[PDB]
>>> print(open('coords_36.cif').read())   # mmCIF, C-alpha atoms
data_data
loop_
_atom_site.label_atom_id
_atom_site.label_comp_id
_atom_site.auth_asym_id
_atom_site.auth_seq_id
_atom_site.Cartn_x
_atom_site.Cartn_y
_atom_site.Cartn_z
CA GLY C 1 -64.13 -83.26 -50.86
CA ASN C 2 -66.03 -85.77 -52.95
CA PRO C 3 -66.59 -85.74 -56.72
CA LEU C 4 -70.18 -84.92 -57.63
CA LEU C 5 -72.10 -85.98 -60.74
CA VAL C 6 -75.53 -84.38 -61.16
CA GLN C 7 -77.75 -85.32 -64.09
CA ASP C 8 -80.78 -83.63 -65.68
CA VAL C 9 -79.25 -80.19 -66.22
CA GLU C 10 -82.50 -79.01 -67.85
CA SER C 11 -83.96 -78.31 -64.40
CA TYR C 12 -80.86 -76.34 -63.46
CA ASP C 13 -80.54 -75.07 -59.89
CA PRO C 14 -79.04 -71.55 -59.73
CA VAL C 15 -77.71 -72.25 -56.23
CA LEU C 16 -74.69 -73.69 -58.11
CA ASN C 17 -73.74 -70.30 -59.58
CA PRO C 18 -71.04 -69.27 -57.03
CA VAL C 19 -69.64 -72.82 -57.13
CA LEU C 20 -69.34 -72.71 -60.92
CA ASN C 21 -68.03 -69.12 -60.90
CA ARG C 22 -65.46 -69.84 -58.13
CA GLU C 23 -66.68 -66.83 -56.15
CA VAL C 24 -64.44 -67.77 -53.23
CA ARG C 25 -63.34 -65.92 -50.08
CA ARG C 26 -59.90 -66.61 -48.63
CA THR C 27 -60.16 -65.16 -45.12
CA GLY C 28 -57.27 -66.68 -43.19
CA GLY C 29 -56.07 -70.16 -44.02
CA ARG C 30 -59.58 -71.40 -44.76
CA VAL C 31 -61.35 -71.39 -48.13
CA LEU C 32 -64.90 -70.01 -48.12
CA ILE C 33 -67.73 -70.10 -50.66
CA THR C 34 -71.11 -68.58 -49.77
CA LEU C 35 -74.21 -70.27 -51.19
CA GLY C 36 -77.56 -68.96 -50.02
CA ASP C 37 -77.12 -67.78 -46.44
CA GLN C 38 -74.82 -70.54 -45.16
CA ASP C 39 -71.05 -70.11 -45.39
CA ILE C 40 -69.34 -73.37 -46.35
CA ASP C 41 -65.66 -74.24 -46.13
CA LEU C 42 -64.54 -75.40 -49.57
CA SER C 43 -62.18 -78.37 -49.76
CA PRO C 44 -59.57 -78.36 -52.56
CA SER C 45 -60.45 -81.86 -53.82
CA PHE C 46 -63.94 -81.02 -55.09
CA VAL C 47 -65.10 -81.50 -58.68
CA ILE C 48 -68.58 -81.41 -60.19
CA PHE C 49 -69.99 -82.77 -63.44
CA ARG Y 1 -52.27 -78.18 -20.16
CA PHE Y 2 -55.37 -76.16 -19.25
CA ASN Y 3 -58.81 -77.76 -19.28
CA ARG Y 4 -60.82 -74.60 -18.65
CA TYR Y 5 -59.77 -71.71 -20.84
CA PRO Y 6 -57.14 -69.58 -19.09
CA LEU Y 7 -57.36 -66.03 -17.77
CA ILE Y 8 -53.89 -64.52 -18.08
CA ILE Y 9 -53.03 -61.72 -15.65
CA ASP Y 10 -49.98 -59.83 -16.92
CA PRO Y 11 -49.21 -56.18 -16.12
CA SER Y 12 -45.89 -56.47 -17.98
CA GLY Y 13 -47.25 -57.77 -21.28
CA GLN Y 14 -44.60 -60.50 -21.38
CA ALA Y 15 -47.28 -63.20 -21.23
CA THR Y 16 -49.15 -61.58 -24.12
CA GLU Y 17 -45.95 -61.41 -26.17
CA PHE Y 18 -45.15 -65.04 -25.33
CA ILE Y 19 -48.58 -66.32 -26.31
CA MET Y 20 -48.59 -64.30 -29.56
CA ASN Y 21 -45.16 -65.66 -30.47
CA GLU Y 22 -46.14 -69.19 -29.42
CA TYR Y 23 -49.50 -69.59 -31.16
CA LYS Y 24 -48.26 -67.85 -34.32
CA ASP Y 25 -48.29 -70.92 -36.58
CA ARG Y 26 -52.08 -70.82 -36.35
CA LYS Y 27 -54.11 -67.65 -36.89
CA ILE Y 28 -54.71 -65.36 -33.90
CA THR Y 29 -56.96 -62.32 -33.99
CA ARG Y 30 -56.17 -60.26 -30.89
CA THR Y 31 -59.65 -58.97 -30.10
CA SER Y 32 -61.04 -57.15 -27.07
CA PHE Y 33 -64.30 -57.27 -25.16
CA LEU Y 34 -65.07 -53.59 -25.78
CA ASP Y 35 -64.31 -53.87 -29.50
CA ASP Y 36 -67.37 -53.64 -31.72
CA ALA Y 37 -65.84 -56.21 -34.09
CA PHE Y 38 -65.78 -58.91 -31.42
CA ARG Y 39 -68.85 -61.10 -31.95
CA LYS Y 40 -68.03 -61.60 -35.63
CA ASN Y 41 -64.41 -62.47 -34.81
CA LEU Y 42 -65.54 -64.90 -32.11
CA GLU Y 43 -67.98 -66.61 -34.47
CA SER Y 44 -65.35 -66.86 -37.21
CA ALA Y 45 -62.81 -68.35 -34.78
CA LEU Y 46 -65.43 -70.75 -33.39
CA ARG Y 47 -66.32 -72.00 -36.87
CA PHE Y 48 -62.74 -72.17 -38.17
#
>>> encode(input="coords_36.cif", output="structure tokens")
Amino acid sequence: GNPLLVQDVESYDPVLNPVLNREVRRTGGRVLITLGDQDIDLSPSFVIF
Amino acid sequence: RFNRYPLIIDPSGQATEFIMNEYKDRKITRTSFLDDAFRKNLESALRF
């Protein structure tokens, strides 16, 4: 749940696509976003720049 | 107050009803050992 600031967008990493698209699963009370193969619980207090 | 995970023996089903009504604030998936959708449920519960 930390703010993230990543510079040098020109070498963009397309692993950030579900994060930017908010492709989120809400199974149960948890909040899930799947990047790559790992499934990561998504905290509400996350921002990226 | 268990340390090792319990094994409830209940022919009547009253213990099952009690534990479902008791741990209802959290999320319970009542699985079974012969259910095909058991390993996935166990892994989800273990992670969550």
>>> atom_distance(input="coords_36.cif", atom1="CA of residue 45 (chain C)", atom2="CA of residue 2 (chain C)")
6.9 Å
>>> resolve_selection(input="coords_36.cif", expression="the PyMOL selection byres ((chain Y) within 9 of (chain C))", output="number ranges by chain")
Y: 26-27, 48
>>> atom_distance(input="coords_36.cif", atom1="CA of residue 42 (chain C)", atom2="CA of residue 19 (chain C)")
9.5 Å
>>> atom_distance(input="coords_36.cif", atom1="CA of residue 18 (chain Y)", atom2="CA of residue 1 (chain Y)")
15.8 Å
>>> resolve_selection(input="coords_36.cif", expression="the PyMOL selection byres ((chain C and resi 49) around 9)", output="number ranges by chain")
C: 3-7, 47-48
>>> residues_around(input="coords_36.cif", residues="residue 30 (chain Y)", least_positions_apart="6", cutoff="10 Å", atoms="all atoms listed in the file", output="list in words")
residues 16, 20, 38 and 41 of chain Y
>>> residues_near_point(input="coords_36.cif", point="(-64.0, -65.9, -30.3)", cutoff="10 Å", atoms="all atoms listed in the file", output="number ranges by chain")
Y: 28-32, 38-47
>>> write_last_selection(input="coords_36.cif", atoms="C-alpha atoms", output="short mmCIF file (atom, residue, chain, number, x, y, z; two decimals), keeping the file's coordinate frame")
data_model
loop_
_atom_site.label_atom_id
_atom_site.label_comp_id
_atom_site.auth_asym_id
_atom_site.auth_seq_id
_atom_site.Cartn_x
_atom_site.Cartn_y
_atom_site.Cartn_z
CA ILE Y 28 -54.71 -65.36 -33.90
CA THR Y 29 -56.96 -62.32 -33.99
CA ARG Y 30 -56.17 -60.26 -30.89
CA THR Y 31 -59.65 -58.97 -30.10
CA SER Y 32 -61.04 -57.15 -27.07
CA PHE Y 38 -65.78 -58.91 -31.42
CA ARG Y 39 -68.85 -61.10 -31.95
CA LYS Y 40 -68.03 -61.60 -35.63
CA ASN Y 41 -64.41 -62.47 -34.81
CA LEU Y 42 -65.54 -64.90 -32.11
CA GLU Y 43 -67.98 -66.61 -34.47
CA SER Y 44 -65.35 -66.86 -37.21
CA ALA Y 45 -62.81 -68.35 -34.78
CA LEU Y 46 -65.43 -70.75 -33.39
CA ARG Y 47 -66.32 -72.00 -36.87
#
>>> build_atoms(input="coords_36.cif", residues="region 18-30 of chain Y", atoms="N, CA and C atoms", output="CSV table (one decimal), in the coordinates of the input")
chain,number,residue,atom,x,y,z
Y,18,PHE,N,-45.5,-63.6,-25.2
Y,18,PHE,CA,-45.2,-65.0,-25.3
Y,18,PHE,C,-46.2,-65.8,-26.0
Y,19,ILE,N,-47.5,-65.5,-25.7
Y,19,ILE,CA,-48.6,-66.3,-26.3
Y,19,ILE,C,-48.8,-65.9,-27.8
Y,20,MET,N,-48.6,-64.7,-28.1
Y,20,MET,CA,-48.6,-64.3,-29.6
Y,20,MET,C,-47.5,-65.0,-30.3
Y,21,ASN,N,-46.3,-65.0,-29.8
Y,21,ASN,CA,-45.2,-65.7,-30.5
Y,21,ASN,C,-45.3,-67.2,-30.5
Y,22,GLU,N,-46.0,-67.7,-29.5
Y,22,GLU,CA,-46.1,-69.2,-29.4
Y,22,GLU,C,-47.2,-69.7,-30.4
Y,23,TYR,N,-48.4,-69.1,-30.3
Y,23,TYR,CA,-49.5,-69.6,-31.2
Y,23,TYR,C,-49.5,-68.7,-32.4
Y,24,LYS,N,-48.4,-68.6,-33.1
Y,24,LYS,CA,-48.3,-67.8,-34.3
Y,24,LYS,C,-48.3,-68.7,-35.6
Y,25,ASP,N,-48.1,-70.0,-35.4
Y,25,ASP,CA,-48.3,-70.9,-36.6
Y,25,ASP,C,-49.7,-70.9,-37.0
Y,26,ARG,N,-50.7,-71.0,-36.1
Y,26,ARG,CA,-52.1,-70.8,-36.4
Y,26,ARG,C,-52.4,-69.3,-36.5
Y,27,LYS,N,-53.7,-69.0,-36.7
Y,27,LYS,CA,-54.1,-67.6,-36.9
Y,27,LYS,C,-54.7,-67.1,-35.6
Y,28,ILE,N,-54.2,-66.0,-35.1
Y,28,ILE,CA,-54.7,-65.4,-33.9
Y,28,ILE,C,-55.2,-64.0,-34.3
Y,29,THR,N,-56.4,-63.7,-33.9
Y,29,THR,CA,-57.0,-62.3,-34.0
Y,29,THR,C,-57.0,-61.8,-32.6
Y,30,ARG,N,-56.2,-60.8,-32.2
Y,30,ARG,CA,-56.2,-60.3,-30.9
Y,30,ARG,C,-57.3,-59.3,-30.8
